[PDB]
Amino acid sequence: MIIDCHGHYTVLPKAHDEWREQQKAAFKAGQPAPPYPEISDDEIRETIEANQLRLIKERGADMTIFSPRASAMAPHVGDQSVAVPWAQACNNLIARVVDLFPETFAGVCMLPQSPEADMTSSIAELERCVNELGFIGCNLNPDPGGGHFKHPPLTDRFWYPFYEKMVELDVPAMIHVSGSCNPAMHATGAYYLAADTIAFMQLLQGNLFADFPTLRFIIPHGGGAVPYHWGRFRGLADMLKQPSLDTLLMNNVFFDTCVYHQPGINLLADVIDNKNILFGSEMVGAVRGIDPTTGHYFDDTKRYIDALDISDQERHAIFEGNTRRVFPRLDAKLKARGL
């Protein structure tokens, strides 16, 4: 089995983006937001079937772990009064897609984070999503201010009440920022990668997993700059007098394979331990075109693992095993289906 660990609901029913701009325009006008529209299951079936389900079929995947659209999380302007109904509405959409397609999609939640609030409503939405909607994970935005890193590092006690709910519920988080309000910083091509790189160093500077020994993070997009500069990060453990990386982090930190070329993927498999590598592609996302240089899709990352010269034990772990051990609720669901 091939479980795609990274994916967002990007091609949406039209009334959803419509309401989102009315909710945005009503808040900056001092008005309440209009009622959320009704969306048909056939409309939801249409968006999914035309896009995600088609490519999963073509590309030989079985499941995709599905979360709200990453750019549209935009936890900026304005406040919690926008963030909570928006986060709730997007995850309700994710829950409905799983209802219509439960053998293929597993849910991961966005959180109603915003710069002016602590993690109280996100702990609520995580609980609502895991307990009532059957979700298996969350998306954690390390900079809900969106491009100036004006929020505390992930080792800060600001985050500690949130991590306790994660560990009790046994759910991991993918560190994942959203849209950028910084003109100097494009989101999907720079801001995503910088936050990944910064997040990994933040953990390297501290000892979070001394406090939460079972807490597990995924840093997406092959870990930002990190495997490419792996030797730089090992040497900094020594420069900081910190424990070696294999013990400090790599039992709690895992990287996905949304690196969009064979040489980036060849390097990931070469430098990061097989158990820390999770298959992902983030299809219908940042890079939707074909590679002139290969004739295959950029985000068809299975082709890079499939082209690797690895053992079947290694193929099983990237494609299915690693994700099921980091997401226990998904392992438990697949056992209960005999898989």
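Counting begins at 1, following the sequence as shown.
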- request: Averaging the C-alpha B factors as listed in the entry, name the stretch that ends up higher: 98-106 or 199-207.
  value: 199-207
81-89 versus 218-226 - greater average Cα B-factor per the deposited record: 81-89
- prompt: From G264, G134, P161, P183, pick the one with the largest CA B-factor in the entry?
  reply: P183
message: Out of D256, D238, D143, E168, whose C-alpha atom has the biggest B factor in the entry?
response: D143
field: Chain-relative CA temperature factor third for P328
entry: middle
task: Would you please rank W19 by its C-alpha temperature factor against the other modelled residues of its chain and give the third it falls in: lowest, middle or highest?
output: highest
task: For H148, return the chain-relative third of its C-alpha B-factor as stated in the PDB record: lowest, middle or highest.
output: highest
message: When the deposited Cα B-factors of this chain's modelled residues are ordered and cut into thirds, is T247 in the lowest, the middle or the highest one?
response: highest
query: Once the chain's modelled residues are ordered by C-alpha B factor and cut into thirds, is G60 in the lowest, middle or highest one?
result: middle
